[PDB]
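Novice: So here's upload-v7.txt, just compact mmCIF, N, CA and C atoms:
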```
# COMPACT_ATOMS: atom_id res chain seq x y z
N UNK A 2 11.01 7.03 9.12
CA UNK A 2 10.23 7.11 7.88
C UNK A 2 10.54 8.40 7.13
N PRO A 3 10.69 8.27 5.82
CA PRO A 3 10.97 9.38 4.99
C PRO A 3 10.06 10.41 4.74
N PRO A 4 10.40 11.67 4.65
CA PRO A 4 9.37 12.62 4.39
C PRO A 4 8.57 12.60 3.24
N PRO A 5 7.26 12.84 3.28
CA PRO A 5 6.50 12.80 2.03
C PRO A 5 7.01 13.40 0.86
N UNK A 6 6.68 12.98 -0.36
CA UNK A 6 7.25 13.64 -1.58
C UNK A 6 6.46 14.82 -1.54
N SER B 2 -7.87 -16.18 -6.73
CA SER B 2 -9.33 -15.97 -6.54
C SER B 2 -9.89 -16.93 -5.50
N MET B 3 -9.33 -18.14 -5.45
CA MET B 3 -9.90 -19.18 -4.59
C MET B 3 -9.51 -19.01 -3.13
N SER B 4 -8.33 -18.45 -2.85
CA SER B 4 -7.81 -18.42 -1.49
C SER B 4 -7.76 -17.03 -0.88
N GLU B 5 -8.02 -15.97 -1.65
CA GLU B 5 -7.91 -14.61 -1.15
C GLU B 5 -9.17 -13.82 -1.46
N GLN B 6 -9.54 -12.93 -0.55
CA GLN B 6 -10.64 -12.01 -0.75
C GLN B 6 -10.13 -10.59 -0.56
N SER B 7 -10.59 -9.69 -1.41
CA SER B 7 -10.24 -8.28 -1.28
C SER B 7 -11.04 -7.68 -0.14
N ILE B 8 -10.36 -6.97 0.76
CA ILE B 8 -11.02 -6.28 1.86
C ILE B 8 -11.07 -4.77 1.67
N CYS B 9 -10.42 -4.23 0.64
CA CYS B 9 -10.63 -2.84 0.29
C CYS B 9 -10.08 -2.57 -1.10
N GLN B 10 -10.51 -1.45 -1.67
CA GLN B 10 -9.98 -0.90 -2.91
C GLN B 10 -9.83 0.59 -2.70
N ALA B 11 -8.63 1.12 -2.96
CA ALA B 11 -8.40 2.55 -2.80
C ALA B 11 -7.54 3.07 -3.94
N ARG B 12 -7.79 4.32 -4.31
CA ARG B 12 -7.07 4.97 -5.40
C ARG B 12 -5.84 5.67 -4.84
N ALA B 13 -4.66 5.33 -5.37
CA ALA B 13 -3.43 5.98 -4.91
C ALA B 13 -2.35 5.87 -5.97
N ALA B 14 -1.46 6.85 -5.98
CA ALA B 14 -0.20 6.74 -6.71
C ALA B 14 0.78 6.05 -5.78
N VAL B 15 1.24 4.88 -6.20
CA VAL B 15 2.10 4.04 -5.38
C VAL B 15 3.55 4.42 -5.65
N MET B 16 4.30 4.63 -4.58
CA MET B 16 5.68 5.06 -4.70
C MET B 16 6.57 4.23 -3.79
N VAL B 17 7.85 4.21 -4.12
CA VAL B 17 8.86 3.55 -3.30
C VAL B 17 10.00 4.53 -3.11
N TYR B 18 10.69 4.43 -1.98
CA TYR B 18 11.71 5.40 -1.65
C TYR B 18 13.05 4.87 -2.15
N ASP B 19 13.72 5.67 -2.96
CA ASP B 19 15.06 5.37 -3.45
C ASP B 19 16.06 5.90 -2.42
N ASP B 20 16.46 5.07 -1.46
CA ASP B 20 17.33 5.64 -0.43
C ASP B 20 18.69 6.03 -0.97
N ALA B 21 19.15 5.42 -2.07
CA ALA B 21 20.43 5.82 -2.62
C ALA B 21 20.40 7.26 -3.11
N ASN B 22 19.29 7.68 -3.72
CA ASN B 22 19.13 9.04 -4.21
C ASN B 22 18.31 9.92 -3.28
N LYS B 23 17.77 9.37 -2.19
CA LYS B 23 16.97 10.12 -1.23
C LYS B 23 15.79 10.80 -1.93
N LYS B 24 15.05 10.01 -2.70
CA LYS B 24 13.93 10.51 -3.48
C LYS B 24 12.87 9.43 -3.59
N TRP B 25 11.60 9.85 -3.62
CA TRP B 25 10.52 8.93 -3.94
C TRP B 25 10.48 8.70 -5.45
N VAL B 26 10.15 7.48 -5.84
CA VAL B 26 10.03 7.12 -7.26
C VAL B 26 8.73 6.36 -7.49
N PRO B 27 8.14 6.46 -8.68
CA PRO B 27 6.91 5.70 -8.95
C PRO B 27 7.16 4.20 -8.89
N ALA B 28 6.27 3.50 -8.19
CA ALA B 28 6.37 2.05 -8.12
C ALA B 28 6.10 1.48 -9.50
N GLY B 29 6.91 0.52 -9.91
CA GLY B 29 6.77 -0.06 -11.23
C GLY B 29 7.35 0.76 -12.36
N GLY B 30 7.81 1.97 -12.10
CA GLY B 30 8.55 2.73 -13.08
C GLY B 30 7.81 3.85 -13.78
N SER B 31 6.49 3.96 -13.62
CA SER B 31 5.76 5.02 -14.32
C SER B 31 4.72 5.65 -13.41
N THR B 32 4.66 6.98 -13.47
CA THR B 32 3.83 7.74 -12.56
C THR B 32 2.37 7.66 -12.97
N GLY B 33 1.51 7.55 -11.99
CA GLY B 33 0.08 7.53 -12.24
C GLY B 33 -0.63 6.74 -11.17
N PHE B 34 -1.96 6.80 -11.21
CA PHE B 34 -2.75 6.23 -10.13
C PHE B 34 -3.06 4.75 -10.36
N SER B 35 -3.14 4.02 -9.26
CA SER B 35 -3.44 2.61 -9.24
C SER B 35 -4.66 2.34 -8.37
N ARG B 36 -5.29 1.19 -8.59
CA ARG B 36 -6.27 0.65 -7.67
C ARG B 36 -5.54 -0.31 -6.75
N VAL B 37 -5.53 0.02 -5.46
CA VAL B 37 -4.73 -0.70 -4.47
C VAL B 37 -5.67 -1.48 -3.56
N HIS B 38 -5.47 -2.79 -3.51
CA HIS B 38 -6.23 -3.67 -2.64
C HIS B 38 -5.38 -4.10 -1.46
N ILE B 39 -6.06 -4.46 -0.38
CA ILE B 39 -5.51 -5.40 0.60
C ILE B 39 -6.28 -6.70 0.42
N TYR B 40 -5.54 -7.79 0.20
CA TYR B 40 -6.12 -9.11 0.04
C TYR B 40 -5.85 -9.94 1.29
N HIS B 41 -6.88 -10.64 1.73
CA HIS B 41 -6.83 -11.51 2.90
C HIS B 41 -6.83 -12.95 2.42
N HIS B 42 -5.75 -13.68 2.71
CA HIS B 42 -5.72 -15.13 2.52
C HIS B 42 -6.44 -15.73 3.72
N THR B 43 -7.68 -16.17 3.50
CA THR B 43 -8.53 -16.54 4.62
C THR B 43 -8.08 -17.83 5.30
N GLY B 44 -7.46 -18.74 4.55
CA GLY B 44 -7.04 -20.00 5.13
C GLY B 44 -5.91 -19.83 6.14
N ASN B 45 -4.93 -18.99 5.83
CA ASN B 45 -3.77 -18.78 6.69
C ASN B 45 -3.85 -17.49 7.50
N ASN B 46 -4.89 -16.69 7.29
CA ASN B 46 -5.03 -15.39 7.95
C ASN B 46 -3.81 -14.51 7.73
N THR B 47 -3.41 -14.38 6.47
CA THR B 47 -2.35 -13.47 6.07
C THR B 47 -2.92 -12.43 5.11
N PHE B 48 -2.19 -11.33 4.97
CA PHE B 48 -2.64 -10.18 4.20
C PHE B 48 -1.50 -9.67 3.33
N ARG B 49 -1.85 -9.13 2.16
CA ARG B 49 -0.87 -8.48 1.30
C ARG B 49 -1.52 -7.30 0.59
N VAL B 50 -0.68 -6.33 0.22
CA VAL B 50 -1.09 -5.16 -0.56
C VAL B 50 -0.76 -5.43 -2.02
N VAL B 51 -1.77 -5.33 -2.89
CA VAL B 51 -1.59 -5.49 -4.33
C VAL B 51 -2.22 -4.29 -5.03
N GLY B 52 -1.45 -3.60 -5.84
CA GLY B 52 -1.94 -2.45 -6.58
C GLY B 52 -1.63 -2.58 -8.06
N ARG B 53 -2.58 -2.16 -8.89
CA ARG B 53 -2.45 -2.24 -10.34
C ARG B 53 -2.77 -0.88 -10.94
N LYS B 54 -1.93 -0.44 -11.88
CA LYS B 54 -2.13 0.83 -12.56
C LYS B 54 -3.48 0.84 -13.26
N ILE B 55 -4.23 1.93 -13.10
CA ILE B 55 -5.54 2.06 -13.74
C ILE B 55 -5.41 1.95 -15.26
N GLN B 56 -4.40 2.60 -15.84
CA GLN B 56 -4.31 2.74 -17.29
C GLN B 56 -3.98 1.41 -17.96
N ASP B 57 -2.93 0.72 -17.51
CA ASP B 57 -2.43 -0.44 -18.23
C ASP B 57 -2.38 -1.71 -17.39
N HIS B 58 -2.87 -1.68 -16.15
CA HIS B 58 -3.08 -2.87 -15.34
C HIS B 58 -1.79 -3.43 -14.78
N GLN B 59 -0.66 -2.74 -14.93
CA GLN B 59 0.60 -3.23 -14.38
C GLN B 59 0.50 -3.37 -12.87
N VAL B 60 0.93 -4.52 -12.35
CA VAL B 60 1.07 -4.68 -10.91
C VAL B 60 2.28 -3.87 -10.46
N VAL B 61 2.04 -2.87 -9.62
CA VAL B 61 3.12 -2.00 -9.17
C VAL B 61 3.48 -2.22 -7.72
N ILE B 62 2.69 -2.99 -6.97
CA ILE B 62 3.03 -3.34 -5.60
C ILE B 62 2.39 -4.68 -5.29
N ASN B 63 3.13 -5.50 -4.55
CA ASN B 63 2.69 -6.84 -4.17
C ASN B 63 3.54 -7.20 -2.96
N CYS B 64 3.13 -6.75 -1.78
CA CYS B 64 3.97 -6.91 -0.61
C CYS B 64 3.15 -7.42 0.56
N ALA B 65 3.75 -8.34 1.29
CA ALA B 65 3.13 -8.91 2.48
C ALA B 65 2.99 -7.84 3.56
N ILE B 66 1.95 -7.98 4.37
CA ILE B 66 1.74 -7.15 5.56
C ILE B 66 2.11 -8.02 6.76
N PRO B 67 3.31 -7.88 7.33
CA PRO B 67 3.68 -8.74 8.46
C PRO B 67 3.07 -8.26 9.76
N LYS B 68 2.84 -9.21 10.66
CA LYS B 68 2.37 -8.87 11.99
C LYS B 68 3.34 -7.90 12.64
N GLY B 69 2.80 -6.85 13.25
CA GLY B 69 3.60 -5.85 13.94
C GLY B 69 4.02 -4.67 13.09
N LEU B 70 3.63 -4.64 11.82
CA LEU B 70 3.99 -3.55 10.94
C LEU B 70 3.62 -2.20 11.55
N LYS B 71 4.52 -1.24 11.41
CA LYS B 71 4.26 0.14 11.79
C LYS B 71 3.81 0.91 10.56
N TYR B 72 2.53 1.26 10.53
CA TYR B 72 1.93 1.98 9.42
C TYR B 72 1.87 3.45 9.79
N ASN B 73 2.56 4.29 9.02
CA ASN B 73 2.71 5.71 9.34
C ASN B 73 1.77 6.52 8.47
N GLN B 74 0.80 7.17 9.11
CA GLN B 74 -0.09 8.08 8.39
C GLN B 74 0.52 9.48 8.48
N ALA B 75 1.48 9.73 7.58
CA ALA B 75 2.24 10.97 7.64
C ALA B 75 1.33 12.18 7.48
N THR B 76 0.42 12.11 6.51
CA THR B 76 -0.62 13.11 6.33
C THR B 76 -1.95 12.40 6.09
N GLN B 77 -3.02 13.19 5.94
CA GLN B 77 -4.32 12.60 5.67
C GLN B 77 -4.41 11.95 4.30
N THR B 78 -3.48 12.24 3.38
CA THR B 78 -3.52 11.64 2.06
C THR B 78 -2.22 10.96 1.65
N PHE B 79 -1.25 10.83 2.55
CA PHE B 79 -0.02 10.10 2.23
C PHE B 79 0.38 9.22 3.41
N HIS B 80 0.34 7.91 3.21
CA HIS B 80 0.69 6.94 4.22
C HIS B 80 1.85 6.09 3.71
N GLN B 81 2.57 5.47 4.63
CA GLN B 81 3.82 4.81 4.26
C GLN B 81 4.14 3.73 5.28
N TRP B 82 4.94 2.76 4.84
CA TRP B 82 5.45 1.74 5.74
C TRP B 82 6.74 1.20 5.14
N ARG B 83 7.39 0.32 5.88
CA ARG B 83 8.67 -0.23 5.45
C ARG B 83 8.66 -1.74 5.65
N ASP B 84 9.52 -2.41 4.90
CA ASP B 84 9.95 -3.74 5.30
C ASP B 84 11.46 -3.78 5.26
N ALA B 85 12.03 -4.98 5.36
CA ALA B 85 13.48 -5.14 5.35
C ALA B 85 14.10 -4.74 4.02
N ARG B 86 13.27 -4.63 2.97
CA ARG B 86 13.74 -4.46 1.60
C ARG B 86 13.35 -3.13 0.96
N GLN B 87 12.22 -2.53 1.34
CA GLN B 87 11.69 -1.37 0.64
C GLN B 87 10.98 -0.45 1.63
N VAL B 88 10.85 0.82 1.26
CA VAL B 88 9.91 1.74 1.90
C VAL B 88 8.85 2.09 0.87
N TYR B 89 7.59 1.89 1.23
CA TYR B 89 6.46 2.10 0.34
C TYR B 89 5.66 3.31 0.77
N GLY B 90 5.13 4.04 -0.21
CA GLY B 90 4.26 5.16 0.06
C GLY B 90 3.05 5.11 -0.85
N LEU B 91 1.91 5.56 -0.31
CA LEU B 91 0.68 5.67 -1.09
C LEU B 91 0.24 7.11 -1.03
N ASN B 92 0.23 7.77 -2.19
CA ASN B 92 -0.30 9.12 -2.34
C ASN B 92 -1.74 8.95 -2.78
N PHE B 93 -2.65 9.01 -1.83
CA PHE B 93 -4.04 8.69 -2.11
C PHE B 93 -4.71 9.79 -2.92
N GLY B 94 -5.68 9.40 -3.75
CA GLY B 94 -6.38 10.36 -4.59
C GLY B 94 -7.35 11.24 -3.82
N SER B 95 -7.73 10.84 -2.62
CA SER B 95 -8.63 11.63 -1.80
C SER B 95 -8.48 11.20 -0.35
N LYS B 96 -8.96 12.05 0.56
CA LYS B 96 -8.99 11.66 1.97
C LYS B 96 -9.85 10.42 2.17
N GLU B 97 -10.93 10.30 1.39
CA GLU B 97 -11.80 9.14 1.52
C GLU B 97 -11.06 7.86 1.16
N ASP B 98 -10.23 7.90 0.12
CA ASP B 98 -9.44 6.73 -0.23
C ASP B 98 -8.45 6.39 0.88
N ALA B 99 -7.79 7.41 1.44
CA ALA B 99 -6.85 7.16 2.53
C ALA B 99 -7.54 6.50 3.71
N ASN B 100 -8.74 6.96 4.04
CA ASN B 100 -9.47 6.40 5.17
C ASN B 100 -9.87 4.96 4.91
N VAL B 101 -10.35 4.67 3.70
CA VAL B 101 -10.71 3.30 3.36
C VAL B 101 -9.50 2.38 3.52
N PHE B 102 -8.38 2.78 2.95
CA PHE B 102 -7.21 1.90 3.00
C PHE B 102 -6.66 1.76 4.41
N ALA B 103 -6.49 2.87 5.13
CA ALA B 103 -5.98 2.80 6.49
C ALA B 103 -6.88 1.97 7.39
N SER B 104 -8.20 2.12 7.25
CA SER B 104 -9.10 1.34 8.09
C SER B 104 -8.91 -0.16 7.86
N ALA B 105 -8.74 -0.57 6.60
CA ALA B 105 -8.51 -1.98 6.31
C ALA B 105 -7.14 -2.42 6.78
N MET B 106 -6.13 -1.56 6.62
CA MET B 106 -4.79 -1.88 7.12
C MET B 106 -4.80 -2.06 8.63
N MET B 107 -5.43 -1.13 9.35
CA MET B 107 -5.48 -1.24 10.80
C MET B 107 -6.25 -2.47 11.23
N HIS B 108 -7.29 -2.83 10.48
CA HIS B 108 -8.02 -4.06 10.77
C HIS B 108 -7.11 -5.27 10.61
N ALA B 109 -6.40 -5.35 9.48
CA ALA B 109 -5.47 -6.45 9.25
C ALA B 109 -4.43 -6.55 10.36
N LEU B 110 -3.89 -5.41 10.78
CA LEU B 110 -2.85 -5.42 11.81
C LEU B 110 -3.38 -5.85 13.18
N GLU B 111 -4.68 -5.68 13.42
CA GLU B 111 -5.29 -6.09 14.68
C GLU B 111 -5.57 -7.59 14.71
N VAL B 112 -5.96 -8.18 13.58
CA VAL B 112 -6.32 -9.59 13.56
C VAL B 112 -5.15 -10.50 13.21
N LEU B 113 -4.04 -9.94 12.74
CA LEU B 113 -2.84 -10.73 12.50
C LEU B 113 -2.29 -11.33 13.78
```
Go through the file and emit its structure as structure tokens.
Specialist:
Amino acid sequence: XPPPX
Amino acid sequence: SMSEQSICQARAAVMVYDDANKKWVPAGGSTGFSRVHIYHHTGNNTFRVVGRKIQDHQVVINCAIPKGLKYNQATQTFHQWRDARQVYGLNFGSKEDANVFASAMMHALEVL
């Protein structure tokens, strides 16, 4: 999962 | 209206991950907060996330919640999940909104 903006 | 009931409403800026550019982008193309529901189709016991921009009512998310989904609560106000096609993120307007939405999501994932 991608890091938060 | 006839086949689905809303099980929560939460305030969030809905985003999708642009993996080609490695950046989050506003869902539907314009930044701002939406009212995000989880709807339960009671006849088939299925669930989907539907969110509409507060300002102009644009539907910015409409995605099924499949059984077995991994819902990642990255922070207390930003949660995210994936499917085969997209990565979705919700930047919630408050911790209370995040809790409302996550509680309904976790409920859906338990009864699926």
Novice: Neighbouring residues of range 62-76 of chain B were defined as those with any atom within 6.5 Å, considering all atoms listed in the file; residues of the same chain fewer than 3 positions away were excluded. Please report them as a list in words.
Specialist: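 Residues near the query, excluding close chain neighbours: residues 28, 29, 48, 49, 50, 51, 52, 53, 59, 79, 80, 81, 82, 83, 110 and 113 of chain B.
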Novice: Could you write out, as a ChimeraX atom specification, all the residues of chain B that DSSP marks as strand (DSSP E or B)?
Specialist: /B:5-19,24-27,35-42,47-54,60-65,73,79-83,88-93
Novice: Keeping N, CA and C atoms, export the residues of the selection given above as a compact mmCIF listing (two decimals), in the coordinates of the input.
Specialist:
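Wrote selection08.txt, looks like this:
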```
# COMPACT_ATOMS: atom_id res chain seq x y z
N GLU B 5 -8.02 -15.97 -1.65
CA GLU B 5 -7.91 -14.61 -1.15
C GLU B 5 -9.17 -13.82 -1.46
N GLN B 6 -9.54 -12.93 -0.55
CA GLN B 6 -10.64 -12.01 -0.75
C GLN B 6 -10.13 -10.59 -0.56
N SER B 7 -10.59 -9.69 -1.41
CA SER B 7 -10.24 -8.28 -1.28
C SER B 7 -11.04 -7.68 -0.14
N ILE B 8 -10.36 -6.97 0.76
CA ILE B 8 -11.02 -6.28 1.86
C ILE B 8 -11.07 -4.77 1.67
N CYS B 9 -10.42 -4.23 0.64
CA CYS B 9 -10.63 -2.84 0.29
C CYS B 9 -10.08 -2.57 -1.10
N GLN B 10 -10.51 -1.45 -1.67
CA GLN B 10 -9.98 -0.90 -2.91
C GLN B 10 -9.83 0.59 -2.70
N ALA B 11 -8.63 1.12 -2.96
CA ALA B 11 -8.40 2.55 -2.80
C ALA B 11 -7.54 3.07 -3.94
N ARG B 12 -7.79 4.32 -4.31
CA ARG B 12 -7.07 4.97 -5.40
C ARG B 12 -5.84 5.67 -4.84
N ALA B 13 -4.66 5.33 -5.37
CA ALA B 13 -3.43 5.98 -4.91
C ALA B 13 -2.35 5.87 -5.97
N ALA B 14 -1.46 6.85 -5.98
CA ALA B 14 -0.20 6.74 -6.71
C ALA B 14 0.78 6.05 -5.78
N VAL B 15 1.24 4.88 -6.20
CA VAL B 15 2.10 4.04 -5.38
C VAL B 15 3.55 4.42 -5.65
N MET B 16 4.30 4.63 -4.58
CA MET B 16 5.68 5.06 -4.70
C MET B 16 6.57 4.23 -3.79
N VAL B 17 7.85 4.21 -4.12
CA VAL B 17 8.86 3.55 -3.30
C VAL B 17 10.00 4.53 -3.11
N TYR B 18 10.69 4.43 -1.98
CA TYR B 18 11.71 5.40 -1.65
C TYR B 18 13.05 4.87 -2.15
N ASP B 19 13.72 5.67 -2.96
CA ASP B 19 15.06 5.37 -3.45
C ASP B 19 16.06 5.90 -2.42
N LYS B 24 15.05 10.01 -2.70
CA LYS B 24 13.93 10.51 -3.48
C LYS B 24 12.87 9.43 -3.59
N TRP B 25 11.60 9.85 -3.62
CA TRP B 25 10.52 8.93 -3.94
C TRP B 25 10.48 8.70 -5.45
N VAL B 26 10.15 7.48 -5.84
CA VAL B 26 10.03 7.12 -7.26
C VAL B 26 8.73 6.36 -7.49
N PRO B 27 8.14 6.46 -8.68
CA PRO B 27 6.91 5.70 -8.95
C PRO B 27 7.16 4.20 -8.89
N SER B 35 -3.14 4.02 -9.26
CA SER B 35 -3.44 2.61 -9.24
C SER B 35 -4.66 2.34 -8.37
N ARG B 36 -5.29 1.19 -8.59
CA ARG B 36 -6.27 0.65 -7.67
C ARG B 36 -5.54 -0.31 -6.75
N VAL B 37 -5.53 0.02 -5.46
CA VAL B 37 -4.73 -0.70 -4.47
C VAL B 37 -5.67 -1.48 -3.56
N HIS B 38 -5.47 -2.79 -3.51
CA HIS B 38 -6.23 -3.67 -2.64
C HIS B 38 -5.38 -4.10 -1.46
N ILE B 39 -6.06 -4.46 -0.38
CA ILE B 39 -5.51 -5.40 0.60
C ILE B 39 -6.28 -6.70 0.42
N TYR B 40 -5.54 -7.79 0.20
CA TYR B 40 -6.12 -9.11 0.04
C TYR B 40 -5.85 -9.94 1.29
N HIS B 41 -6.88 -10.64 1.73
CA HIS B 41 -6.83 -11.51 2.90
C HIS B 41 -6.83 -12.95 2.42
N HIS B 42 -5.75 -13.68 2.71
CA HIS B 42 -5.72 -15.13 2.52
C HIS B 42 -6.44 -15.73 3.72
N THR B 47 -3.41 -14.38 6.47
CA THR B 47 -2.35 -13.47 6.07
C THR B 47 -2.92 -12.43 5.11
N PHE B 48 -2.19 -11.33 4.97
CA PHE B 48 -2.64 -10.18 4.20
C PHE B 48 -1.50 -9.67 3.33
N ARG B 49 -1.85 -9.13 2.16
CA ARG B 49 -0.87 -8.48 1.30
C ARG B 49 -1.52 -7.30 0.59
N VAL B 50 -0.68 -6.33 0.22
CA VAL B 50 -1.09 -5.16 -0.56
C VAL B 50 -0.76 -5.43 -2.02
N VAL B 51 -1.77 -5.33 -2.89
CA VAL B 51 -1.59 -5.49 -4.33
C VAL B 51 -2.22 -4.29 -5.03
N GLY B 52 -1.45 -3.60 -5.84
CA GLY B 52 -1.94 -2.45 -6.58
C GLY B 52 -1.63 -2.58 -8.06
N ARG B 53 -2.58 -2.16 -8.89
CA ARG B 53 -2.45 -2.24 -10.34
C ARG B 53 -2.77 -0.88 -10.94
N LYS B 54 -1.93 -0.44 -11.88
CA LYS B 54 -2.13 0.83 -12.56
C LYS B 54 -3.48 0.84 -13.26
N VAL B 60 0.93 -4.52 -12.35
CA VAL B 60 1.07 -4.68 -10.91
C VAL B 60 2.28 -3.87 -10.46
N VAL B 61 2.04 -2.87 -9.62
CA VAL B 61 3.12 -2.00 -9.17
C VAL B 61 3.48 -2.22 -7.72
N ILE B 62 2.69 -2.99 -6.97
CA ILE B 62 3.03 -3.34 -5.60
C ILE B 62 2.39 -4.68 -5.29
N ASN B 63 3.13 -5.50 -4.55
CA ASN B 63 2.69 -6.84 -4.17
C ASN B 63 3.54 -7.20 -2.96
N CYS B 64 3.13 -6.75 -1.78
CA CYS B 64 3.97 -6.91 -0.61
C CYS B 64 3.15 -7.42 0.56
N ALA B 65 3.75 -8.34 1.29
CA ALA B 65 3.13 -8.91 2.48
C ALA B 65 2.99 -7.84 3.56
N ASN B 73 2.56 4.29 9.02
CA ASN B 73 2.71 5.71 9.34
C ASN B 73 1.77 6.52 8.47
N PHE B 79 -1.25 10.83 2.55
CA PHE B 79 -0.02 10.10 2.23
C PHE B 79 0.38 9.22 3.41
N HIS B 80 0.34 7.91 3.21
CA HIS B 80 0.69 6.94 4.22
C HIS B 80 1.85 6.09 3.71
N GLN B 81 2.57 5.47 4.63
CA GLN B 81 3.82 4.81 4.26
C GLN B 81 4.14 3.73 5.28
N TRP B 82 4.94 2.76 4.84
CA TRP B 82 5.45 1.74 5.74
C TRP B 82 6.74 1.20 5.14
N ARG B 83 7.39 0.32 5.88
CA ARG B 83 8.67 -0.23 5.45
C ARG B 83 8.66 -1.74 5.65
N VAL B 88 10.85 0.82 1.26
CA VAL B 88 9.91 1.74 1.90
C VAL B 88 8.85 2.09 0.87
N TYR B 89 7.59 1.89 1.23
CA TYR B 89 6.46 2.10 0.34
C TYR B 89 5.66 3.31 0.77
N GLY B 90 5.13 4.04 -0.21
CA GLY B 90 4.26 5.16 0.06
C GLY B 90 3.05 5.11 -0.85
N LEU B 91 1.91 5.56 -0.31
CA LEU B 91 0.68 5.67 -1.09
C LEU B 91 0.24 7.11 -1.03
N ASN B 92 0.23 7.77 -2.19
CA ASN B 92 -0.30 9.12 -2.34
C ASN B 92 -1.74 8.95 -2.78
N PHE B 93 -2.65 9.01 -1.83
CA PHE B 93 -4.04 8.69 -2.11
C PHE B 93 -4.71 9.79 -2.92
```
Novice: Restricting the calculation to only N, CA and C atoms: of B:47, B:10, B:58, B:37, which residue gets closest to residue 112 in chain B?
Specialist: B:47
Novice: In Å to one decimal, how far is CA of residue 4 in chain B from atom N of residue 34 in chain B?
Specialist: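 Between these atoms lies a distance of 27.7 Å.
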Novice: Which neighbours of residue 23 in chain B fall inside 12 Å, counting only C-alpha atoms, when residues of the same chain fewer than 2 positions from it are skipped, and could you give them as a list in words?
Specialist: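 My list of contacting residues is residues 2, 3, 4, 5 and 6 of chain A; 17, 18, 19, 20, 21, 25, 26 and 88 of chain B.
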Novice: Give as an MDAnalysis selection string the set of residues within 8 Å of the point (-10.7, -4.8, -2.1), where distances use the file's coordinates and only C-alpha atoms.
Specialist: chainID B and resid 6:11 37:40
Novice: Selection from above, N, CA and C atoms, as a PDB file, in the frame of the given file, can you write it?
Specialist:
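The resulting file, out.pdb, is shown below:
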```pdb
ATOM      1  N   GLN B   6      -9.540 -12.930  -0.550  1.00  0.00           N
ATOM      2  CA  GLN B   6     -10.640 -12.010  -0.750  1.00  0.00           C
ATOM      3  C   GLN B   6     -10.130 -10.590  -0.560  1.00  0.00           C
ATOM      4  N   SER B   7     -10.590  -9.690  -1.410  1.00  0.00           N
ATOM      5  CA  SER B   7     -10.240  -8.280  -1.280  1.00  0.00           C
ATOM      6  C   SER B   7     -11.040  -7.680  -0.140  1.00  0.00           C
ATOM      7  N   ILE B   8     -10.360  -6.970   0.760  1.00  0.00           N
ATOM      8  CA  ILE B   8     -11.020  -6.280   1.860  1.00  0.00           C
ATOM      9  C   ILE B   8     -11.070  -4.770   1.670  1.00  0.00           C
ATOM     10  N   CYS B   9     -10.420  -4.230   0.640  1.00  0.00           N
ATOM     11  CA  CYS B   9     -10.630  -2.840   0.290  1.00  0.00           C
ATOM     12  C   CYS B   9     -10.080  -2.570  -1.100  1.00  0.00           C
ATOM     13  N   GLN B  10     -10.510  -1.450  -1.670  1.00  0.00           N
ATOM     14  CA  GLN B  10      -9.980  -0.900  -2.910  1.00  0.00           C
ATOM     15  C   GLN B  10      -9.830   0.590  -2.700  1.00  0.00           C
ATOM     16  N   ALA B  11      -8.630   1.120  -2.960  1.00  0.00           N
ATOM     17  CA  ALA B  11      -8.400   2.550  -2.800  1.00  0.00           C
ATOM     18  C   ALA B  11      -7.540   3.070  -3.940  1.00  0.00           C
ATOM     19  N   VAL B  37      -5.530   0.020  -5.460  1.00  0.00           N
ATOM     20  CA  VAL B  37      -4.730  -0.700  -4.470  1.00  0.00           C
ATOM     21  C   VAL B  37      -5.670  -1.480  -3.560  1.00  0.00           C
ATOM     22  N   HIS B  38      -5.470  -2.790  -3.510  1.00  0.00           N
ATOM     23  CA  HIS B  38      -6.230  -3.670  -2.640  1.00  0.00           C
ATOM     24  C   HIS B  38      -5.380  -4.100  -1.460  1.00  0.00           C
ATOM     25  N   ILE B  39      -6.060  -4.460  -0.380  1.00  0.00           N
ATOM     26  CA  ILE B  39      -5.510  -5.400   0.600  1.00  0.00           C
ATOM     27  C   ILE B  39      -6.280  -6.700   0.420  1.00  0.00           C
ATOM     28  N   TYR B  40      -5.540  -7.790   0.200  1.00  0.00           N
ATOM     29  CA  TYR B  40      -6.120  -9.110   0.040  1.00  0.00           C
ATOM     30  C   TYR B  40      -5.850  -9.940   1.290  1.00  0.00           C
TER      31      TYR B  40
END
```
Novice: Quick one, how far is atom N of residue 2 in chain B from atom N of residue 44 in chain B?
Specialist: 11.6 Å
Novice: Missing atoms in range 36-41 of chain B should be modelled up to N, CA, C and O atoms and reported as a PDB file, in the frame of the given file.
Specialist:
```pdb
ATOM      1  N   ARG B  36      -5.290   1.190  -8.590  1.00  0.00           N
ATOM      2  CA  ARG B  36      -6.270   0.650  -7.670  1.00  0.00           C
ATOM      3  C   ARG B  36      -5.540  -0.310  -6.750  1.00  0.00           C
ATOM      4  O   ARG B  36      -4.988  -1.319  -7.201  1.00  0.00           O
ATOM      5  N   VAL B  37      -5.530   0.020  -5.460  1.00  0.00           N
ATOM      6  CA  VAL B  37      -4.730  -0.700  -4.470  1.00  0.00           C
ATOM      7  C   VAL B  37      -5.670  -1.480  -3.560  1.00  0.00           C
ATOM      8  O   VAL B  37      -6.560  -0.905  -2.916  1.00  0.00           O
ATOM      9  N   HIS B  38      -5.470  -2.790  -3.510  1.00  0.00           N
ATOM     10  CA  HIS B  38      -6.230  -3.670  -2.640  1.00  0.00           C
ATOM     11  C   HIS B  38      -5.380  -4.100  -1.460  1.00  0.00           C
ATOM     12  O   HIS B  38      -4.156  -4.180  -1.538  1.00  0.00           O
ATOM     13  N   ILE B  39      -6.060  -4.460  -0.380  1.00  0.00           N
ATOM     14  CA  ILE B  39      -5.510  -5.400   0.600  1.00  0.00           C
ATOM     15  C   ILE B  39      -6.280  -6.700   0.420  1.00  0.00           C
ATOM     16  O   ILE B  39      -7.516  -6.712   0.431  1.00  0.00           O
ATOM     17  N   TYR B  40      -5.540  -7.790   0.200  1.00  0.00           N
ATOM     18  CA  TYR B  40      -6.120  -9.110   0.040  1.00  0.00           C
ATOM     19  C   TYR B  40      -5.850  -9.940   1.290  1.00  0.00           C
ATOM     20  O   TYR B  40      -4.721  -9.968   1.793  1.00  0.00           O
ATOM     21  N   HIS B  41      -6.880 -10.640   1.730  1.00  0.00           N
ATOM     22  CA  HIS B  41      -6.830 -11.510   2.900  1.00  0.00           C
ATOM     23  C   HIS B  41      -6.830 -12.950   2.420  1.00  0.00           C
ATOM     24  O   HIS B  41      -7.803 -13.398   1.802  1.00  0.00           O
TER      25      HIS B  41
END
```
